[PDB]
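Asks: Mind having a look at this structure? Questions to follow.
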Amino acid sequence: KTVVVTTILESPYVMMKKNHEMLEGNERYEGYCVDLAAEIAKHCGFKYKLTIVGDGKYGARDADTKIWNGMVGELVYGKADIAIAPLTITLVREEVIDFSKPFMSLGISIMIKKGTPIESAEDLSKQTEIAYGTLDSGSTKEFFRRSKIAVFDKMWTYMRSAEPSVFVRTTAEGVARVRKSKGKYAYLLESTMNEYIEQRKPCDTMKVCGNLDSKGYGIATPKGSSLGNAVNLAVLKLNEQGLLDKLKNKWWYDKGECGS
Amino acid sequence: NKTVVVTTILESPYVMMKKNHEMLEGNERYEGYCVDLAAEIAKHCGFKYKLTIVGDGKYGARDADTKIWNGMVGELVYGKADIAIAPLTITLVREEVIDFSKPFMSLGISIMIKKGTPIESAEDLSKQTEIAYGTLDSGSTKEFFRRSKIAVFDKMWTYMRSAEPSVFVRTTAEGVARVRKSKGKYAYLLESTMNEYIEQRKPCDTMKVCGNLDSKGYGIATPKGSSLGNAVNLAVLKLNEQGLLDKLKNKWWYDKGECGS
Ligand SMILES: O=c1[nH]c2cc(C(F)(F)F)c(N3CCOCC3)cc2n(CP(=O)(O)O)c1=O
Ligand SMILES: O=c1[nH]c2cc(C(F)(F)F)c(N3CCOCC3)cc2n(CP(=O)(O)O)c1=O
């Protein structure tokens, strides 16, 4: 009767403790979602084992083989009982697994060098002295390609033809580009990482407050699982108890390195 | 079993009477964000529906004396409605008795200031007293501060609970009026969605401070075991992913706003 939790290494959601080599079981891991799992299990009454998903992916269906990979696949195919991770609640995923209400709300956001006079996607869209881009693949790029909102379609039209390319191979390449470009590159990215990067040395980037869309991370369970319902009630309870915000403060801001 | 009874609530700009409503019948008497949302949900789920305004004008809570649900939640629980399509907050006590979709709008407690004022953050307010600040004298925003064990909010609560003259107001309109008339010495704490709305209202003298203090959601609600719950949830996700919910926010807040940029 031990519940198999699948999760994914993504700081500060799930991290290896520095001393993980000298620990066993669930004690090897720490982070926002490690704490969330313990609170969920307490409030629902279950024992559990943490596992890192074998392929390191969140979960998508291969168009050509119909096969889910990532944590979604592990749920669909019987390898784990629950996923506790910053796993985006999406239609195609909700067609095959069950999601709790979100424990975190987030969206696409703008990163600038600390000190840059920009304040919105609208600002970016109607000028050209500041370049801006996204990851060369994934949901943020797809959001701009797929979108029918003029401001963002304008940004996409600028991005898809910019020379030299305004796209980067990794989030880290993106952040570095903001840092070296003396205010002439802005990076578009998931908002929790923007905030996380804003709070650590070298303390030279800012998240622009307003987000460009609204998305959530939720706890995932296979369709018809007896757990989905209680787990969902737990997520709502923890939010209202302030626990979800406490953990965000714990893992993002309490050891912040930049004062503000 | 071939007309779906939608319960909702008169709350601007979610549901409103059209100017000429008396010359109209049925669902055409109404307009607004949730009226449009109801039309999209129905089209995507393939049902016909009738808008009805909740008899008691309430969202949903248990009576202190009888423990019986009032508001739209009650109309779902006790069989009077098939679906609630309204800015109904997703909460633990409500989700125990009815089902919610994933949120179609995300929001939180926010700060309102007079347009032109050196304040932003909850943290700033907690560190000073020149600028008084308060909430509605009842409801979820007040309960958030009273309940919070987070230091900055507990500081703000300890300030508000004893501040004299009272920083609490009897109505949303009284709070707004107090911001407008206090020359920057009064900030109001209220739901982010209404703050944004008030910002788009004449005489255009209030501003929403950007970052929120907590995170909630509004969802579509159905009675437990409804056949609709699953389809409605996927319809909500599709509408978010297609950009449709954001277009509706823009329509009823900024297009029909009185202050634009
Ligand atoms: O479920 C999903 N959850 C995700 C959660 C996050 C994070 F922010 F780390 F919490 C991220 N980060 C985006 C920025 O660089 C670091 C990784 C990607 C996610 N992806 C793939 P995407 O949606 O293509 O980005 C998913 O699929
Ligand atoms: O489900 C709920 N949805 C709510 C939606 C709204 C609005 F923003 F108008 F859409 C408001 N407004 C708060 C600001 O002044 C006007 C009314 C209250 C709501 N309440 C009561 P609360 O949570 O105690 O505030 C609920 O219970």
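Residue numbers (the numbering used here), protein chains in the order written: chain A, 1 to 260; chain B, 261 to 521. Backbone N, C-alpha and C fix where the C-beta goes; we use that ideal spot for every residue, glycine too.
Cβ of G517/B less than 8 Å from any chain A Cβ?
Replies: Indexing the second sequence from 1 puts residue 517/B at position 257. It does not; no Cβ of chain A falls within 8 Å.
Asks: Can you tell me where the beta strand (DSSP E) holding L233/A begins and where it ends?
Replies: Translated into the one-based positions of the first sequence, residue 233/A becomes position 233. First-last for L233/A: 227–240, but that is the alpha helix (DSSP H), not the beta strand (DSSP E).
Asks: Who pairs with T134/A in a beta bridge, going by DSSP?
Replies: As a working mapping, residue 134/A is identified with position 134 in the first sequence. According to DSSP, which records beta bridges pairwise, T134/A is partnered with nothing at all.
Asks: Look at the alpha carbon of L270/B and the alpha carbon of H43/A, and state the distance between them as a whole number of angstroms.
Replies: Stepping through the second sequence from its first residue, residue 270/B is reached at position 10. Stepping through the first sequence from its first residue, residue 43/A is reached at position 43. So the alpha carbons of these two residues sit roughly 37 Å apart.
Asks: Ligand 1 and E95/A: does any heavy atom of the ligand fall closer than 7 Å to the residue's C-beta?
Replies: Counted from its first residue, the first sequence places residue 95/A at position 95. No, the beta carbon of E95/A sits no closer than 7 Å to any heavy atom of ligand 1.
Asks: Compute the distance between the beta-carbons of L247/A and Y29/A, then report whether it is under 8 Å.
Replies: Counting from 1 along the first sequence, the entry for residue 247/A is found at position 247. Counting from 1 along the first sequence, the entry for residue 29/A is found at position 29. No, the pair does not count as a contact, with Cβ atoms beyond the cut-off.
Asks: Within 10 Å of its beta-carbon, does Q388/B have 16 or more other beta-carbons around it, so buried, or fewer, so exposed?
Replies: By 1-based counting over the second sequence, the position of residue 388/B is 128. So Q388/B counts as exposed.
Asks: My guess is that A220/A and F99/A are in contact by the Cβ rule of under 8 Å, so how many angstroms apart are they, rounded?
Replies: Residue numbering aside, residue 220/A sits at position 220 when the first sequence is read from its first letter. Residue numbering aside, residue 99/A sits at position 99 when the first sequence is read from its first letter. Indeed, because the Cβ distance is near 6 Å, the residues count as touching under 8 Å.
Asks: Return the first residue and the last residue of the beta strand (DSSP E) that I371/B is part of.
Replies: In the second sequence, counting from the first residue as 1, residue 371/B sits at position 111. First-last of the beta strand (DSSP E) with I371/B: 369–374.
Asks: Checking 8 Å against the spacing of the C-beta atoms, do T140/A and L75/A come in under that value?
Replies: The residue labelled residue 140/A in the question sits at position 140 within the first sequence. The residue labelled residue 75/A in the question sits at position 75 within the first sequence. Taking 8 Å as the Cβ cut-off, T140/A and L75/A do not qualify as a contacting pair.
Asks: Check whether the segment 198–214 of chain A and the segment 324–332 of chain B touch, using three or more Cβ-Cβ pairs below 8 Å as the test.
Replies: Contact fails: fewer than three Cβ-Cβ distances are below 8 Å.
Asks: Is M454/B near ligand 2, with its Cβ less than 7 Å from a heavy atom?
Replies: On the second sequence, residue 454/B is found 194 positions in, with the first residue counted as 1. Correct: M454/B has its Cβ closer than 7 Å to ligand 2.
Asks: Per DSSP, which residues does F360/B bridge with? Please list them.
Replies: Position 100 of the second sequence, counted from the start, is the residue given in the question as residue 360/B. Bridge partners of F360/B: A481/B.
Asks: Taking a Cβ distance cut-off of 8 Å, strictly less, list which residues of the segment 186–208 of chain A are near chain B, in chain order.
Replies: Residues passing the 8 Å Cβ filter: none.
Asks: Beta-carbon of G54/A versus every beta-carbon of chain B: anything under 8 Å?
Replies: Indexing the first sequence from 1 puts residue 54/A at position 54. Cβ-Cβ to chain B under 8 Å: no for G54/A.
Asks: Let me confirm a value: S272/B is counted as buried when at least 16 other C-beta atoms fall within 10 Å, else exposed. Which label applies?
Replies: Counting from one through the second sequence, the residue named residue 272/B turns up at place 12. Answer is exposed; the Cβ neighbour count stays below 16.
Asks: With a threshold of 8 Å, are at least 3 pairs of Cβ atoms found where one atom belongs to the segment 437–446 of chain B and the other to the segment 493–506 of chain B?
Replies: Too few Cβ pairs lie closer than 8 Å, so no.
Asks: Just to confirm the assignment: which complete beta strand (DSSP E) runs, minimum length 3, are found wholly within the segment 144–212 of chain A?
Replies: Listed in chain order, the complete beta strand (DSSP E) runs (minimum 3 residues) inside the segment 144–212 of chain A are 185–190, 205–207.
Asks: Closest to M111/A by C-alpha separation, out of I97/A, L135/A, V96/A, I149/A, would be which residue?
Replies: The count along the first sequence starts at 1 and reaches residue 111/A at position 111. Measuring from the Cα of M111/A, the nearest candidate turns out to be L135/A.
Asks: Please determine if the segment 366–386 of chain B and the segment 404–424 of chain B are in contact, where contact requires at least 3 C-beta pairs separated by less than 8 Å.
Replies: Flag = yes, the segment 366–386 of chain B and the segment 404–424 of chain B touch.
Asks: Is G317/B near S147/A, with beta carbons less than 8 Å apart?
Replies: To locate residue 317/B, count along the second sequence from 1; it is residue 57. To locate residue 147/A, count along the first sequence from 1; it is residue 147. Their beta carbons are not under 8 Å apart, which means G317/B does not touch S147/A by this criterion.
Asks: Give me the chain B residues within the contact set of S225/A, using Cβ-Cβ distance strictly less than 8 Å, ordered along the chain.
Replies: Sequence index remark: in the first sequence, residue 225/A carries index 225 (1-based). Within chain B, no residue comes near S225/A; the closest Cβ sits about 15 Å away, beyond 8 Å.
Asks: Should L494/B be flagged as near chain A, meaning a C-beta pair shorter than 8 Å?
Replies: The residue you call residue 494/B lines up with position 234 of the second sequence. True, the Cβ-Cβ gap to chain A drops below 8 Å.
Asks: Which residues, in order along the segment 364–396 of chain B, keep a beta-carbon less than 7 Å from a beta-carbon of chain A?
Replies: So the list reads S366, given in the order they occur along the chain.
Asks: Applying the criterion that 16 or more other CB atoms from any shown protein chain within 10 Å of the CB defines a buried residue, is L297/B buried or exposed?
Replies: Position 37 of the second sequence holds residue 297/B. Buried.
Asks: Buried or exposed: which applies to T268/B, given that a residue is buried once 16 or more other Cβ atoms fall within 10 Å of its Cβ?
Replies: Counting from one through the second sequence, the residue named residue 268/B turns up at place 8. Buried.
Asks: Whole angstroms are fine: how far does the CA of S486/B sit from the CA of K308/B?
Replies: Counted from its first residue, the second sequence places residue 308/B at position 48. Counted from its first residue, the second sequence places residue 486/B at position 226. Answer to the nearest angstrom: the Cα atoms are 16 Å apart.
Asks: Could you tell me which of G25/A, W251/A, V92/A sits nearest to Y58/A, measuring between CA atoms?
Replies: One-based indexing of the first sequence puts residue 58/A at position 58. It is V92/A.
Asks: Any idea what DSSP makes of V5/A, helix, strand or coil?
Replies: By one-based count along the first sequence, residue 5/A stands at place 5. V5/A falls in the strand class under three-state DSSP.
Asks: Smallest Cα separation from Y274/B: which of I313/B, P347/B, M283/B?
Replies: Stepping through the second sequence from its first residue, residue 274/B is reached at position 14. Per the Cα distances, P347/B.
Asks: Answer yes or no: the CB of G485/B versus the heavy atoms of ligand 2, is any distance below 7 Å?
Replies: Here residue 485/B refers to the residue found at position 225 of the second sequence. Checking every heavy atom of ligand 2 against the Cβ of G485/B, none is found closer than 7 Å.
Asks: Using 8 Å as the limit for Cβ to Cβ distance, is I40/A near chain B?
Replies: Locating residue 40/A in the first sequence gives position 40, counting from the first residue. So, not an interface residue.
Asks: Tell me the DSSP bridge mates of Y309/B?
Replies: As a first step, residue 309/B is located in the second sequence; it is residue number 49 there, counting from the start. According to DSSP, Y309/B bridges with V264/B.
Asks: Quick one: is the Cβ of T7/A within less than 7 Å of any heavy atom of ligand 1?
Replies: Taking the first sequence and counting its residues from 1, one reaches residue 7/A at position 7. Incorrect: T7/A has no Cβ contact closer than 7 Å to ligand 1.
Asks: What distance in whole Å lies between the Cβ atoms of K113/A and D204/A, which are believed to be in contact at a cut-off of 8 Å?
Replies: If you number the first sequence from 1, residue 204/A lands on position 204. If you number the first sequence from 1, residue 113/A lands on position 113. That pair is a contact at about 6 Å.
Asks: Mind listing the chain D neighbours of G242/A? Cutoff is C-beta to C-beta under 7 Å, in chain order.
Replies: Absent from the structure: chain D. Protein chains present are A and B.
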